[PDB]
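Colleague: Residue numbers (the working numbering), protein chains in the order written: chain A, 1 to 189; chain B, 190 to 375; chain C, 376 to 566; chain D, 567 to 765; chain E, 766 to 956; chain F, 957 to 1147; chain G, 1148 to 1341; chain H, 1342 to 1535; chain I, 1536 to 1722; chain J, 1723 to 1934. Ideal placement from N, C-alpha and C gives every residue a C-beta, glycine not left out. Mind looking over this structure? Questions follow.
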Amino acid sequence: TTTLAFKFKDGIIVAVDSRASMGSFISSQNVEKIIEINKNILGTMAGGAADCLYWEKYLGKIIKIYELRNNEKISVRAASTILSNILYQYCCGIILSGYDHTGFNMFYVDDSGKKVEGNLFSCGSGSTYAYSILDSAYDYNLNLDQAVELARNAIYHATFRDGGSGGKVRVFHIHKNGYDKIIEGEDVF
Amino acid sequence: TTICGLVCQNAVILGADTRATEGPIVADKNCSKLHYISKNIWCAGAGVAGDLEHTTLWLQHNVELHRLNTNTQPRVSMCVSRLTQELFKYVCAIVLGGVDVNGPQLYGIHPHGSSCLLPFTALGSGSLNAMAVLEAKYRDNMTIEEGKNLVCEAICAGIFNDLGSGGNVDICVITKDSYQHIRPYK
Amino acid sequence: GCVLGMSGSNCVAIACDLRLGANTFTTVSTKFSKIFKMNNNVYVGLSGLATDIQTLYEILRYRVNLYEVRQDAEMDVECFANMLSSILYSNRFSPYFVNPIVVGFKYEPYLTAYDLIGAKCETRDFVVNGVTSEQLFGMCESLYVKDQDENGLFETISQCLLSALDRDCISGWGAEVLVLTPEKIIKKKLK
Amino acid sequence: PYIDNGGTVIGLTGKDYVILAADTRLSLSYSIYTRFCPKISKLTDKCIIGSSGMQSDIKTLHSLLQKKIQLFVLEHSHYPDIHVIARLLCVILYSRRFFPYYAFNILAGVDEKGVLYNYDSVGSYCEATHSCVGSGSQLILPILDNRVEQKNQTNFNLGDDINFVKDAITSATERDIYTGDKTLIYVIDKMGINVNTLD
Amino acid sequence: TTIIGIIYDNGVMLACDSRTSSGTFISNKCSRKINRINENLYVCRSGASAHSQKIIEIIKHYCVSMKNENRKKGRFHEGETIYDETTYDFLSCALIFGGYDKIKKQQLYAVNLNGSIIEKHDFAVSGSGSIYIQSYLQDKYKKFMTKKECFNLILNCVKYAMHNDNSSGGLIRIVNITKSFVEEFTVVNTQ
Amino acid sequence: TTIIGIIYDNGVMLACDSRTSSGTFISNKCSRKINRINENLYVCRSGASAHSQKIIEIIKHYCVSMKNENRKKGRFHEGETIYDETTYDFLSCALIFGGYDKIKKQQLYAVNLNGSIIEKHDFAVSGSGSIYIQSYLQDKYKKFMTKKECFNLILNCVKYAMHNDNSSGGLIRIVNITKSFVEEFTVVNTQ
Amino acid sequence: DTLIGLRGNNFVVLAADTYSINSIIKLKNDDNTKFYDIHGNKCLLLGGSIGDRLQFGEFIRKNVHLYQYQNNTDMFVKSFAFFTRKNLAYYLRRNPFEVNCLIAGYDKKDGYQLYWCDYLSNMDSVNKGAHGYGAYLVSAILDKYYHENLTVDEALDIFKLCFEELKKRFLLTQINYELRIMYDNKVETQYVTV
Amino acid sequence: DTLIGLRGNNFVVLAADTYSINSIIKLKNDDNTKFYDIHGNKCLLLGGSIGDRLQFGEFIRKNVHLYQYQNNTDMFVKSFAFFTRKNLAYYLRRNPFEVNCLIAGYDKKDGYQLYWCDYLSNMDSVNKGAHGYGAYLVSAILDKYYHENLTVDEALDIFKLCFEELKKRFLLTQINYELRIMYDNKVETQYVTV
Amino acid sequence: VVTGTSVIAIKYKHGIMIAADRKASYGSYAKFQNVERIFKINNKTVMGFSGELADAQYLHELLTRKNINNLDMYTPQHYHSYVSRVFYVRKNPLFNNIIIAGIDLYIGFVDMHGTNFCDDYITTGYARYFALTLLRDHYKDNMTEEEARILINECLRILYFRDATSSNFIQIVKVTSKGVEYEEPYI
Amino acid sequence: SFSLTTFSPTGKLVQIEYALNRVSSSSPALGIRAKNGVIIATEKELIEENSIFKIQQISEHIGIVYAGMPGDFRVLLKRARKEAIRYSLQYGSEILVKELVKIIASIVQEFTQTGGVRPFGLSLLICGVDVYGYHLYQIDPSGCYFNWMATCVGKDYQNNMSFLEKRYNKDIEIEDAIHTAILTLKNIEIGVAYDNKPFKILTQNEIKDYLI
Ligand SMILES: */C(=C\S(C)(=O)=O)[C@H](Cc1c[nH]c2ccccc12)NC(=O)[C@H](CC(C)C)NC(=O)[C@H](Cc1c[nH]c2ccccc12)NC(=O)CN1CCOCC1
């Protein structure tokens, strides 16, 4: 697949290809890879669909009981670290995104259980391609107009250049509150 | 691929399936597993189609050319020597029925090149499924009409009973005087 | 690799994907064109590995031009096709894969499809070698009507393409569809 | 520990219904076992399920999930939503990923409009407008693509739709060797779940 | 499967059962494992059918080349040695040389996978079913037996070998290589 | 190597040759392949020596536990079945149960690599040298034989098996499990 | 290790890397000449192993210089690409050289031409292309910022993009990139290009 | 990927790389924190895979912070090295982590200390050491220009040597190298160090 | 490693035939020319195995020990489902193609994987090719005993000649309303 | 080796001219090309002559006659047939008669040039059929294959070369062409490729069928 995330001024944002092909054949393009956990944090799966879905739901549980336990919202580094601590036992890499600090933190947890913090992670097969656009076209923080065009753009080139990912676009700017939601079909013009 | 052929009271009668397959999906609704090596001798190969079209071409022309080069009708056993020698040099079974100075001879030819004269024969996936019905009802010196109905029966059984075999049938009565083909036995 | 060949009342149609992606299906190219013209009434659509495609169409270019000049008649499709089967069979190794499709009037339309060893199917109707072939036989088996005008047959073959390309990751952009009649040839690009 | 069989079970959500058809024929590598096998099971209520993997895993998996829906409904006095069913499936399946079930699987249900869950062997479940699995899937999906969806060019009358299913499968027997000539076809209109032995 | 041979009071008496089981499923039952390399000498064979049959034809035409190049019929020892040197050059078959020769009226050579020993005052047995009969037959052995008496030993030893060896065949053929002229024998079956 | 057993007019008569060839070199010649699991029943064994001997001791003490837990001597069928279920659980040996039982005065069980069949009106033979004698012995068979008469069959069949099987031993031991009381027999050798 | 080429009506420009790693773990040998000027107006950008691209590059160099010293006409660049095609493909699958190549050239009729080719003898005419592991990086840029009608120098800014991109996020590759620049009259190198 | 550490009477200084390659072909992730300050006066420089050095580094971090929150005394750095020794070695040969480490620290008796260790639990006290493929490069410099009595800053010039060396002739590694600098009072980072 | 190449079973309204030969080849060659592969779990139920022997007697003792506790009575269906459940437990194994059959009438097959099903006629092992299709050819419901047994005898006739490993003589069982009958006679 | 033929001062190859003289010195055969068929004939005691005809079947279509040395005809006919077969293996269809005439012409060429061999001693006629039409090509020893509506090859054909035209006047039908052939030719042999592609020699009884 193909997942993208980066933080401009107004928040962290999340973008993705909805295609989910089992081999050369396409099982589905309706598939949703973006998942919410805590009301403010969310993650994107990349790689295998079943294991990634499992670990996301599992994360939702552990986070949920924690959130019930302290009666509050946990910091994003926590939710990263739990997967870093469980995955190391064994899958598929993932990206996390959320708000605890005045800036939204971003993370990326490898199937190796490697954890990484940073500003513009991307993953999935086509990661490299948008991943060029992310500094050639985003060396620094910008605007929501600039950003939704940016992610829609970088996803489009990760859609054209990679046969392993495509389908619909689905960008999700995150407000300090929760998040927004946007979905698109083909946009070659 | 079933291929069943059987001797009658004066003529070999060959019959065969007509459906190529790539292994999973079928890759043809029809094919020719009853090649005509000569007017009074045919081959019915089973196996890889490629190797079959090859050696049957080379065989047909070795036999037609040799017939041009000599008086005698290319008596059936020479085809068997040529084919078996070719396969021996090295994947495709064959079943060949011809009629000549001897009897209506019929042969079966294994992928390693082994030859055997046979009263009745089958090869391919359907072979088992054809050996079942074929052997049960066989009798030497059947009326050729009995060949006409039987060989279609054993073919239909070796069709319905395999995933790898199916489609329309075709049958022919290789009389020494003449082949009598029909494109769809079904 | 993705190739089609519908047949018509007074026509034949041939089509393809135009992508020649590399390993992990990254699209290294989108203008690649497997269809070729060996003759005004004879076409071949190659598929499978692209190296073997250019080498093969190249050798046909050779031996067919050689025969047409050596013997004045434009080559009949049965000749080009049986000879083609003869060509691949000499060595499996030469094409690690290739799946030729041969098409054209002979003015009865002639549609045949070789296997990479030279196994061959001389069909009376459509045949569809290609990496996306299952989707092809799947759509075209039921969509097909015996005989049609070149445009309805065009939208037909186009619906088999438009359908198949969206199920396969390796299927290309575009469509080099190529309806033809003995006196005319109509290529088009569909998106 | 896995054998391939072609249960070619397909799902298809109508505007007020869901339709689940499957060839009945069982087969070894190239030989037919039974001419007639149940490749589809009925989940206890308003939903049903199909699969096409090896038959031991089909049967034991349907058994298990049936035991779970029956236990759940008896413990909670409440017939499960379709979602808890498919979700439970992701659960059961992933719980054994290190030694996976070979049964790729399909769910069809109604929420009260056929909510659906086709998916991979390890529970990577998805909803869909339509579904196919078994060796007959890759062939039929384009036929199902166009008849209903028109992404590059009224689609669910019950008659027209059962027709699309019919022609799709009947064509599928032709191009595929594993697909069998017989078919069951279920129809989960909100009243109840019809069965058809059309072939 | 089984191939056997015991010399009666004068000549050889060879035997075999036909089955030609193929892949642990019988394919060409009632074949002819025993052979006419010539009237003077017959050559039982077992192992792979293809390699054996080709080798059989090959030694045949060497035998005829030798047969007419010198008008005397070739000694069977030479048939043995040419089969020795031939199969030496992989190819694989095991086999039994019996026959009449004015030089040595009755012998019985036995070629292994590669190299060939004799048994002038003995018997030769080979194949999967051999192993049952090596011990049984080498008990009943006595050199005085006439064909009426040794026909029994051949017949029975075949029957026991066939009883408890799955590869071993049904109908059996035997040849009574008489010291004198013609030596013919007809197919027969028991159980 | 060889282990055999034929029931005479009443009781069993088991036999074996000792050699215990080790790595195709004889190591412990004149051992004792036949065993006393008990006076009522004796148990020939062949295969790997170690696995067999351990299994032998194990079934021994089950036999004695059963022997005293119920003062009647254990039926040999039960010795057979416990060896069945035991070796089922890799471990590997083949073996022969003979003995006397008031329930069934003479039987002869035969355990394969894993699962065990009987031969009430027959004989049991096993080992590398078995295969020579299956056919020879199953000819000479008749149920009427007394020990004076069947002692010969045992003796000879051992001698033939030992003749033409390299693993097969020299000195041989036999037991005449008489229907009545004691059944002893002494080591003996021929060739 | 990264190779890049870009055609337009005003230009063919072949940017490419200069490094040459003895050991894959380290770029011990530097400033290597990946290019091979094979024509008055056709350069060849080879890649992979240094020994394959050297043997093969010198080889093609000779067969073309021979062909031109022979017949009066210069080798038309598509004939050059296809000849390299036949040569690279000539090897049985057991033997082809591990050599990624960008033919680039000029024509008296067809003007500027570009041919992307592969270790396998796969080849196509394109408006831009890349080789090495870096193909994945620059291509989303080269696709993105491409003008079909662009002046050559803003393309040179596009290679500045590509390069600063490969530095930041790849096998870091900071040293200056030579790049022959086609013109109606001549090629025009820039070894200093950073 | 390259790790370096150097002890003297006036200093322990752990220079190290900041890159972190997702794919071995590319350093897609940057500025990583290889160091782990585990003590008031003992840093741990881990390397290899990011996930092993992270799990293990956090692990050792906790066992030491636990040990110190427990007994009054701080963990003496050799006890720290040996404890890391026992932990890394605890794994059966089937399981040890792929983790190269440089313990470095200060002592109330033994003053500055340094412990070079390996993926295999091999370990020794040394005056200088290195990890990664770059070990082969800087070590001939570190050996060469070393003063046993040197002031800390000329050592910092020695790491400038080592670094400009690894840039020129290795997996090019230009980005700034963080490096904790021991003092009698405290550690002293320099993320800006290029 | 003893193996039994084939078993078949067929039914008609007045009862259900089920037969096999008694050979038990110990690899390349026959060991037990008189093995008993058909086995009687219940007065209205039997199991017939065609694979490796030891596993078959194992499952034999298992099904019996499983039975005596329940000896309404254990139905052939419950016996079959217990059987398949055992194979599939073992799998995650035993080599057989055991079929359960008995009584209205019930035949069920089980492949080695615990794959299993139910049909009017079931054949097992080498028979499937060399008998089943033929027995698929002439099978009809309400065959009388003469029709049915002459039919299975035609099938075993084709089989002994085509199967590589068969015995000349057939242990045979028919289940009737009166009770299961294991015919002694062999052919 | 050595081309035994070499050029004259006068420019001619004398040897091939000799072979021309031998063909001229050898036995007659006719060819006539009906609008809907082609007929070729020739003037052919212990000897059972029934085995011996100058006529020969190269394919179901093509048939030939030589004039010169019979063994030379034998080997040319052999290579020729092996070429019709080599072609029908190389492609899926029957050889065009013109193509086979070209390959025979090259085979005849080589020996006329290639070292160490005596040039072929005979002319050839090659009636045939193709999708183009019913054909008749004579092949010269030089390699000079040539189209003919009719032809002659053997002794005393100077006067005899000019009887053949009359069938084209109004006898283009085969049955009337027969008289043109035999009466021009006035033992004997006749092979005819008719409206059907296959050709077959007329028996002496059918030779008496036209003798009346
Ligand atoms: C018998 C099947 S079987 C399992 O019983 O032996 C048939 C015999 C057959 C099929 N067609 C003809 C024509 C004339 C004579 C005999 C014929 N053979 C097969 O089913 C093949 C299966 C092999 C593995 C046993 N099928 C094939 O070989 C494929 C045929 C094919 C593929 N694409 C096509 C397009 C049009 C027409 C036919 C085809 N092709 C391959 O298997 C590819 N191979 C791979 C290795 O060998 C050479 C090419």
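Given that a residue counts as buried once 16 or more other Cβ atoms are within 10 Å of its Cβ, and exposed if not, what is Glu1767 of chain J?
Modeller: By the neighbour-count rule (16 or more Cβ atoms within 10 Å), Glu1767 of chain J is not buried but exposed.
Colleague: When the Cα of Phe1053 of chain F is compared with those of F:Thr976, F:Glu1036, F:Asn1068, which residue comes out closest?
Modeller: The residue with the shortest Cα to Cα distance from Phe1053 of chain F is F:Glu1036.
Colleague: Would you kindly check if the distance between the Cβ of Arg256 of chain B and the Cβ of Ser303 of chain B is under 9 Å?
Modeller: Not in contact: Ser303 of chain B and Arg256 of chain B (Cβ atoms no closer than 9 Å).
Colleague: Give me the subset of the segment 1806-1823 of chain J whose CB atoms are less than 8 Å from a CB atom of chain C, sorted by chain position.
Modeller: Answer set for the segment 1806-1823 of chain J: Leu1811, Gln1812, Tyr1813, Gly1814, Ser1815, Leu1818, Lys1820, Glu1821.
Colleague: If you draw a straight line from the C-alpha of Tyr1293 of chain G to the C-alpha of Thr590 of chain D, how long is it?
Modeller: Roughly 56 Å between the two C-alpha positions.
Colleague: From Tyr1460 of chain H to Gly1470 of chain H, what distance separates their C-alpha atoms?
Modeller: C-alpha separation (whole angstroms): 14 Å.
Colleague: Does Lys1776 of chain J have its Cβ less than 9 Å from a Cβ in chain B?
Modeller: No, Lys1776 of chain J does not count as interfacial toward chain B.
Colleague: Which two residues bound the contiguous beta strand (DSSP E) that contains residue 1723 of chain I?
Modeller: No answer is possible for residue 1723 of chain I: it lies beyond the span of chain I, which begins at 1536 and ends at 1722.
Colleague: Check this for me: beta carbons of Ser690 of chain D and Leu134 of chain A, under 9 Å apart or not?
Modeller: Their beta carbons are not under 9 Å apart, which means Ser690 of chain D does not touch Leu134 of chain A by this criterion.
Colleague: Does the Cβ of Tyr645 of chain D have 16 or more other Cβ atoms within 10 Å, making it buried, or fewer, making it exposed?
Modeller: Counting Cβ neighbours within 10 Å, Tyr645 of chain D comes out exposed, since fewer than 16 surround it.
Colleague: Check each candidate in I:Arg1620, I:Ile1642, I:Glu1689 and name the one with the smallest Cα separation from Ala321 of chain B.
Modeller: The candidate whose alpha carbon is nearest that of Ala321 of chain B is I:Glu1689.
Colleague: Does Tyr568 of chain D get closer than 9 Å to chain A when you measure Cβ to Cβ?
Modeller: By this cut-off, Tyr568 of chain D is not an interface position.
Colleague: Given that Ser136 of chain A touches chain H, what residues does it touch there, using C-beta distances under 8 Å?
Modeller: The contacting residues do not exist; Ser136 of chain A stays about 15 Å from chain H at best.
Colleague: Looking at the structure shown, is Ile95 of chain A part of a helix, part of a strand, or coil, going by DSSP?
Modeller: Strand, per DSSP.
Colleague: Could you check which residue in I:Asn1627, I:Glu1596, I:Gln1706, I:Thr1650 has the C-alpha nearest to that of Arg1684 of chain I?
Modeller: That would be I:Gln1706, whose Cα lies nearest to the Cα of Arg1684 of chain I.
Colleague: Within the segment 1171-1236 of chain G, note down every full beta strand (DSSP E) run reaching 3 residues or more, in order along the chain.
Modeller: The segment 1171-1236 of chain G contains these whole beta strand (DSSP E) runs: 1182-1184, 1189-1195.
Colleague: By the criterion of Cβ-Cβ separation under 8 Å, what are the contact partners of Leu339 of chain B in chain E?
Modeller: Going along chain E, no residue has its Cβ under 8 Å from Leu339 of chain B, so there is no contact; the nearest lies around 20 Å.
Colleague: Measuring CA to CA, which of D:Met620, D:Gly702, D:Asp747, D:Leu750 is closest to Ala669 of chain D?
Modeller: That would be D:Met620, whose Cα lies nearest to the Cα of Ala669 of chain D.
Colleague: How many Å lie between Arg1208 of chain G and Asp1254 of chain G at the Cα?
Modeller: The alpha-carbon atoms of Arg1208 of chain G and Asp1254 of chain G are separated by roughly 18 Å.
Colleague: For ligand 1, is there any heavy atom lying closer than 8 Å to the beta carbon of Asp500 of chain C?
Modeller: No.
Colleague: Just curious, the alpha helix (DSSP H) that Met267 of chain B is in, first and last residue?
Modeller: Note, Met267 of chain B: alpha helix (DSSP H), 265-277.
Colleague: Under the criterion of a Cβ to heavy atom distance below 8 Å, does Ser314 of chain B qualify as lining ligand 1?
Modeller: Yes, the Cβ of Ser314 of chain B comes within 8 Å of a heavy atom of ligand 1.
Colleague: Thinking C-alpha only, which one of I:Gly1714, I:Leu1669, I:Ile1551, I:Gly1649 is nearest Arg1625 of chain I?
Modeller: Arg1625 of chain I has its Cα closest to that of I:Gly1649, out of I:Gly1714, I:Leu1669, I:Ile1551, I:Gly1649.
Colleague: Quick check on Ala738 of chain D - is its C-beta less than 9 Å from some C-beta in chain C?
Modeller: Cβ-Cβ to chain C under 9 Å: yes for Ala738 of chain D.
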